[PDB]
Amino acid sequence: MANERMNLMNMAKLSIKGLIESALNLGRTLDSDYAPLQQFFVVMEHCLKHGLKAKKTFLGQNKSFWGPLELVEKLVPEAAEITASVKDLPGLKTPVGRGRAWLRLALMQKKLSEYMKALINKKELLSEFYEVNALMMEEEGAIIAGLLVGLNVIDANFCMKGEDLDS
């Protein structure tokens, strides 16, 4: 068990570290077309998927790692803005689809590293979604969360929607 967690950690390190080193020289606002960037998320998702439980949702909708993020707002003000955007965003059905988009917003706000730290420091509630020996409940959680700082300097900008029918 302890092995599976370490795998993701080191895997996340390269993601961040590399992504930063790749963004440094690049010197320009990144977008949803940068392979290294998209690579980061995938890794992140697997980290947030390690240790999940069953869906307690009344409507029986397994939110996966979405739920664990729905708590972020109830910990940091700046989160209640993006955690709402995804919702008021049509075309985005699947819960995981919301979480993936959420991260992108937390990435733009450069508050990602912050939020994550908030969760780990609240294993009192973060235990509802994750097991007792989950990644987000272990050292790796804090470690990676403390490393996501180097990403604050990154200037991303993803596309969510756009209208032009109204005059």
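Just count from 1 along the sequence shown to find any residue number.
Q: Comparing average C-alpha B factors as deposited, tell me which of 5-13 and 145-153 sits higher.
A: If you average the C-alpha B-factors of 5-13 and of 145-153, the larger mean comes out for 5-13.
Q: Can you tell me whether 111-119 has a higher mean C-alpha B factor than 33-41 in this record, or the other way round?
A: On average, C-alpha B-factors are higher across 33-41.
Q: Pull the Cα B-factor of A54 out of the PDB entry and bin it into the chain's lowest, middle or highest third.
A: According to the entry, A54 has a C-alpha B-factor in the chain's highest third.
Q: Using the B-factor values recorded in the entry, state whether the Cα atom of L92 falls in the lowest, middle or highest third among the modelled residues of its chain.
A: For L92, the deposited C-alpha B-factor lands in the highest third.
Q: For the chain shown, is the CA B-factor of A106 in the lowest, middle or highest third of its modelled residues?
A: Ranked within chain, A106 CA B lands in the lowest tercile.
Q: Should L69 be placed in the lowest, middle or highest third of its chain by the C-alpha B factor in the entry?
A: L69: CA B-factor falls in the lowest third of its chain.
Q: Comparing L125 with the other modelled residues of its chain, is its CA B-factor in the lowest, middle or highest third?
A: Answer is highest: the recorded C-alpha B-factor places it there.
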